Structures are given as C-alpha cells and as structure tokens.
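Chain residues, written in single-letter form:
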Amino acid sequence: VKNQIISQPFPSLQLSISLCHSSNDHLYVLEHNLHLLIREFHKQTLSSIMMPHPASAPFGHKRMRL
Amino acid sequence: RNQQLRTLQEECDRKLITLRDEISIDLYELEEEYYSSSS
Amino acid sequence: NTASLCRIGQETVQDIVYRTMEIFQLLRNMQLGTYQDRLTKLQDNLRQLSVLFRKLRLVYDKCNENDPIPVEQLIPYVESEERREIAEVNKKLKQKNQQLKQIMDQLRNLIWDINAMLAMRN
Amino acid sequence: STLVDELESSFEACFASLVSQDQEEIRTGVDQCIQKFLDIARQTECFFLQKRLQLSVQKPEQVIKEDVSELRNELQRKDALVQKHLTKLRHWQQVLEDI
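Reading guide: rules and limits
Residues numbered from 1 in each chain as written, not as in the entry; some residues may be left out. Chains lettered and ligands numbered in written order. Part of a larger assembly, values for the part shown. Heavy atoms only, no water. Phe/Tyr/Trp six-rings, centres within 6.5 Å; stacked < 30°, edge-to-face > 60°. Helix = DSSP H or I, 4+ residues; strand = E, 2+ residues; numbered from the N terminus. Buried < 20%, exposed > 50% of the residue type's maximum accessible area, 1.4 Å probe, protein only. Contact = heavy atoms within 4.5 Å. Buried area = accessible area lost by both parts, 1.4 Å probe. Salt bridge = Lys/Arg side-chain N within 4 Å of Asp/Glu carboxyl O. Polar contact = N/O pair within 3.5 Å; in protein donor to acceptor, adjacent residues only side chain to side chain. Nonpolar A, V, L, I, M, F, W, Y, C, P; charged D, E, K, R; others polar.

- By the method listed in its record, cryo-EM, this PDB entry was determined to a resolution of 4.4 Å.

**Some remarks on the packing of aromatic side chains**
And step 1. This model, assessed by the stated rule, comprises seven aromatic pairs over all chains.
And step 2. Taken together, a centroid distance of 5.3 Å and an interplanar angle of 35° make the contact between C:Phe24 and D:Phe15 tilted. Separated into two different chains, C:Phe24 in helix α1 (residues 2–29) and D:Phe15 in the loop between α1 (3–14) and α2 (23–58) make up a pair that spans both.
And step 3. Given a relative accessible area of 34%, C:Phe24 falls into the partly exposed group.
And step 4. Aromatic side chains D:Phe47 and D:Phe48 sit 5.0 Å apart centroid to centroid with 45° between the ring planes, which places their arrangement in the tilted category. Each member of the pair D:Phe47 and D:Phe48 is classed as buried.
And step 5. Put simply, the rings of C:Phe24, C:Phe53, D:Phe11, D:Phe15 and D:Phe37 pair up and form one aromatic cluster.

**Examining the interface of chain D and chain C**
Note on interface size: it is often stated as the accessible area lost on association of the parts.
And step 1. Contact residues are listed per partner, giving 38 residues for chain D and 41 residues for chain C.
And step 2. In this assembly, chain D packs against chain C so that about 3900 Å² is buried in total across both faces, 73% of it on carbon and sulfur atoms.
And step 3. Linking chain D to chain C there are four salt bridges.
And step 4. Viewed at the interface, chain C and chain D are joined by 10 residue pairs in polar contact.
And step 5. Elements represented by at least two residues in the side of chain D that touches chain C include exactly α1, α2 and α3 (61–96) of chain D.

**Considering the interface of chain C and chain B**
And step 1. The interface of chain C with chain B comprises 14 residues on the first partner and 15 residues on the second.
And step 2. At the boundary of chain C with chain B, total buried surface from both sides reaches about 1500 Å², with 75% on carbon and sulfur atoms.
And step 3. Between the two partners, chain C and chain B, sit two salt bridges.
And step 4. The salt bridge partner of B:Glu31 is C:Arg108, with a shortest N-O separation of 3.7 Å.
And step 5. At the boundary of chain C and chain B, one finds four residue pairs in polar contact.
And step 6. Along the lines of polarity and charge, the residues of the side of chain C that touches chain B split into nine nonpolar, two polar and three charged.

What follows is the structure, encoded as structure tokens:
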C-alpha cells in the first residue's frame, strides 16, 4: 500500500511486513534473517568466487567455469 | 578493525552455540518429565 | 501397603531374570587386572541376586499372610477424605504441568530461533 | 510347593552343567533349564497379580494411598528438575551478560 506488504501464505494466515520509520507480536527472527539475506545478496556481487586464479582466465563465478 | 570485529563475532557465536546445547539437554529432561506425567 | 507389596514382589521377579541375563553376559565375555575386575563384578552380581531371593521370600510370606473371593468373580461382564486428597494433588500437579508446558514451549522457541538465526549467517 | 522354592531350584538347575567335576548336550540342557526358569517366573508374576487384583477389589483404600504417594513423588521430582534448570539459566544469564 505505502509502507506495508500484506501476504496470505496459508488461507487462515496473514503475514505483514511494514517499514516503521519513526522520524523523530513481532517476530524478530524474520527481521534478522531479512538483514542477513540482503547482506548475502550484497556479498554475492563482491565475492572472491568471481576471481579467476589462472591469470589468463577471464572472470565470473567458479562453478560456472567448472 | 576487520580483525577485531571478526573476533567479537566469533566469541558471540561460540557463546550462543554452547547456550543452545545446554538448553537442549534441559529441554530433553523437561520433555521426558512433562510427557511422562500421569496427571 | 500390601497392594504395593504385590508390586514390589512383581518387580523382584522382573529383576531376577534380568540379573541372570547380565550374569550370563558376564560369563560370555570372560576371556580366561581386568580378570580380577570381572571376578569382582561376578561375585557382586551373585551377592545382589541372593539378596533378591531372600527379599522375594520375605515379600511372598508377607503377601501370603494377608482369600474369600475367588477370581473370575471379579471381572465385570455386561449383563472418603482420601478422594479429596486425590483431588487436591490432582489439581496441584495440573497447575504444575501447565507451568511446565509454558517453560518447555519457551525453551523450544528459543532453540528454534537460535538455530534459524545462526543458520542464516553463512 | 511354594513357587519361590521352585524358582530357586530351577535357577540352581540352570547352572548345573557348569559347576561339577559337546554342543547339542549343552543346547538341549540350556533350552530346558531356561524354559522351566521363565515358566516359573511367569507363574510367580501371575500369583502377585492375582493377589493385587483381590486386594484392589476388596481393600481399595490401599490403591488410593499408593496413588497419593506417586503423585507426591511426581511433584517433588518436577520441582527438583525446575530448580536445576533455573540455576543453569541464571548462570547462563551471567555468562551472556559479559559480552
């Protein structure tokens, strides 16, 4: 809607994710995992897996080379 | 700065893991007692 | 009293057979200092078993001292302050069990949260 | 007579091949001794259960007394468990406070 996402994963269930901006029932686990998920999503770009140890080898992920 | 923060993170995670194991053993004892209660 | 003596007498016969099984396992493993340790374990097991036999004869005599109703008259075919004591202790450990359930649920939830949060850090 | 004494005699009979001064002799002797031993054990358990049944139909206050005792031991055991757990929780709060 504006700052609130509402989902219905199970039919009797309603999940709500809201960004509370103070501008001066809550589950902590999902908030903490949200921070870690976006942190892993950042670190995927800046990973050392993209580095090619063979100097001639161009670039990109390691298993995609394999 | 990076090395100091990594050491603090590792100390916190070791404390949490040992806490989880001790709490798990207590939970096993409490589960046996509660489920085997006659009532 | 006597209706717990019957329970103890059943438990003695249940212990005697288990103890003879443990004795036969000790005699199975004995390979001709640990020689002497197995000797001590064997002699101690045999001592406890003789104690169990004496206790069993005691319990037999006590229950056989203390029947006007023959059995098969006791089965139902188709066609007072101690009760209040029972109700008191029943209500007591009803409350105790519900509090124990709350403690157990909070421990479960803390363990699940710890494992989820630590699983996502990698 | 006196099933205790038959139990004692059969138990001593289980060992008779060892204590004196190949395979099939040992096998048949062991099978017969162990079967008579377990049979007299089951008869002794049957005797104790029949006597308990006659007590539970004639004198039912004793059963209620044993139930009172068992529920009281359940109460004391629950309190011992929760006290040990509470001491461990307070120790872990003192550990986790110091990071």
